[PDB]
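A quick write-up on the structure given underneath.
What follows is calculated from the coordinates using simple rules that are stated; it is not laboratory data. Cβ sites come from the backbone with ideal geometry, for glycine too, and all protein chains shown count toward neighbours.
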Amino acid sequence: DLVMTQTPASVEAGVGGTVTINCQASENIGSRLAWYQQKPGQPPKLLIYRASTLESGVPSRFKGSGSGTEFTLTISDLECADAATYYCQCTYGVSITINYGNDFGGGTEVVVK
Amino acid sequence: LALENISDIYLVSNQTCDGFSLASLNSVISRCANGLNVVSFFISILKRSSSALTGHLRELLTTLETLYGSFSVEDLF
Amino acid sequence: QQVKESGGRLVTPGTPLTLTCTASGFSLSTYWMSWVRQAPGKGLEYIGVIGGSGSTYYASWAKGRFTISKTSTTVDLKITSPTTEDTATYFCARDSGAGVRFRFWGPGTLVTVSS
């Protein structure tokens, strides 16, 4: 299956800033992605699905963008409760014709200071 | 009826009459066709003519085939 | 609506172990249950998926070793031969039919494999 080179490994900002996460699919998965947010000691919470559509319950700050082989998330005005690990998942994994796998990302801590 | 007089096909899966197994054809008059027989036809006509798809209809081949592979038929009692 | 998985114990390395995942409060039955893994202190790893029709798929590394098989109300994982590197936490992720919005996640059962 394909690999998801989720860059960088750990970002850093402050309250009222903005961060960026990049992850690059190896094949043209075509706007089928999902972004999770796992705090330490919790199951992951869905944030964005289909790479630009917010899950009903997230704040308006999270955004996602991109299609084809490069995607991005841009949390904005980082609150204090944003120190968590952020994964990107390629949800192209349930079909019989194309079926590009369903692997996760590598992991990105978003630490404030 | 027949697809000489078919313009729109709706596949609403939450707020319809019963669920995914009902899909309303229309042209104006509307009908109440079969759910797993229109989805299991449009899979079989995009997968068959797979040499001409523009790259947007491959998303239709992937959405209809995922939505069809998740329907448990044994709970259609 | 919620999802809970249950059953994970310490095993002798080589004794087969099965985990169960129960969908408690859902109305429609068009589901893609999925199991993911997390070793203690690592990123998530994908294992497999099962549909409503029975269409099961697996990841590239988790082929042959794992087996996902549903029942009337549960979804069962089966680790064929748990080695020492198979100690993790195992999640259950259920969604609607479109296979893109893995919204409901169980809390997690902590499989540990060491004699």
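Which ³J(HN,Hα) values, rounded to whole Hz and listed in residue order, are derived for region A:9-19 from phi using the Karplus coefficients 6.51, -1.76 and 1.60 in 6.51 cos²θ - 1.76 cosθ + 1.60 with θ = phi - 60°, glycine and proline given as x?
With the stated coefficients, region A:9-19 comes to 8, 7, 9, 8, 7, x, 6, x, x, 9, 10 Hz.
For the protein assembly as shown, what does the equivalent ellipsoid look like in terms of its semi-axes, each the square root of 5 times an eigenvalue of the Cα gyration tensor, given largest first in whole Å? Display every interim value, and only then the final one.
Working: eigenvalues 226, 133, 64 Å².
So the equivalent ellipsoid measures 34, 26, 18 Å along its semi-axes.
Once the Cβ-Cβ distance between residue C:60 and residue C:18 is put in as r, and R0 is 25 Å, what FRET efficiency do you end up with, to the nearest 0.05?
Values: r = 23 Å, r/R0 = 0.90.
Working from the Cβ atoms, E equals 0.65.
5 Å is the cut-off here: which amide hydrogens, built 1.01 Å from N in the peptide plane, fall below it relative to residue A:72, excluding neighbours closer than 5 in sequence?
Residues meeting the amide H criterion: A:65.
Which whole-Hz ³J(HN,Hα) couplings does region A:76-91 yield from phi under the Karplus relation 6.51 cos²θ - 1.76 cosθ + 1.60, θ = phi - 60°, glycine and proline marked x?
Result, ordered by residue: 9, 6, 4, 6, 5, 8, 10, 6, 7, 9, 10, 10, 10, 10, 8, 8 Hz.
Alpha carbon centre of region A:17-75 versus region B:8-73: separation in Å?
If we compute the Cα centre of each part, the gap is 28 Å.
Taking Cα pairs under 8 Å and at least six residues apart, what relative contact order does chain C come out at, in percent? Each step should come with its number before you reach the end.
Details: 273 pairs, mean separation 41.8, N = 115.
Rounded, it is 36 percent for chain C.
Tell me the label-point distance for the pair residue C:69, residue C:4, using the 7 Å Cα-to-Cβ offset, in nm and rounded to one decimal.
Here the modelled spin labels are 2.5 nm apart.
Partner chain Cβ atoms within 10 Å, averaged over the residues of C:41-51 - can you pull that number for me?
Mean partner-chain Cβ count within 10 Å for C:41-51: 4.
Using amide H atoms built in the peptide plane, which far-off residues or other-chain residues are under 5 Å from residue C:109 H to H?
Amide H neighbours of residue C:109, under 5 Å, 5+ apart: C:90.
Compute the Cα gyration tensor for chain A, then decide on rounded, prolate or oblate, letting a ≥ b ≥ c be the square roots of its eigenvalues: rounded whenever a/c is under 1.5, prolate when a/b is larger than b/c in the other cases, and oblate in all that remain.
On the way: a/c = 1.90, a/b = 1.80, b/c = 1.05.
The shape class here is prolate.
Which whole number gives the average, over all residues in A:39-48, of C-beta atoms from other chains lying within 10 Å of the residue C-beta? Mind dumping the intermediate values first?
Values: counts 0, 0, 1, 3, 12, 7, 2, 7, 0, 1.
Average per residue, whole number: 3.
Report the FRET efficiency, 1/(1 + (r/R0)^6), for residue A:45 and residue B:72, where r is their Cβ-Cβ distance and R0 is 25 Å, rounded to 0.05. It would help to have the intermediate numbers written out before the result.
Numbers: r = 27 Å, r/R0 = 1.07.
After rounding to 0.05, the efficiency reads 0.40.
With a point put 7 Å past each Cα toward its Cβ, work out how far residue A:11 is from residue A:80 in nm, to one decimal.
2.2
Per residue of region A:35-43, in order, report the coupling 6.51 cos²θ - 1.76 cosθ + 1.60 (Karplus, θ = phi - 60°) as ³J(HN,Hα) in whole Hz, putting x for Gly and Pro.
Couplings: 10, 10, 8, 9, 6, x, x, 9, x Hz.
Calculate the spin-label point distance for residue A:56 paired with residue A:26, positioning each point 7 Å from the Cα along the beta-carbon direction, and give it in nanometres.
3.7
Amide H of residue A:22: which non-local residues (sequence gap of 5 or more, or other chain) have their own amide H closer than 5 Å, using H built in the peptide plane?
Under 5 Å from the amide H of residue A:22: A:7.
Ignore the peptide's own chain and count Cβ atoms of other chains within 10 Å of each Cβ in B:58-68; give me the average, rounded. The partial results should precede the final answer.
Numbers: counts 4, 4, 0, 3, 13, 6, 1, 8, 15, 6, 5.
Across B:58-68, the average partner-chain Cβ count within 10 Å equals 6.
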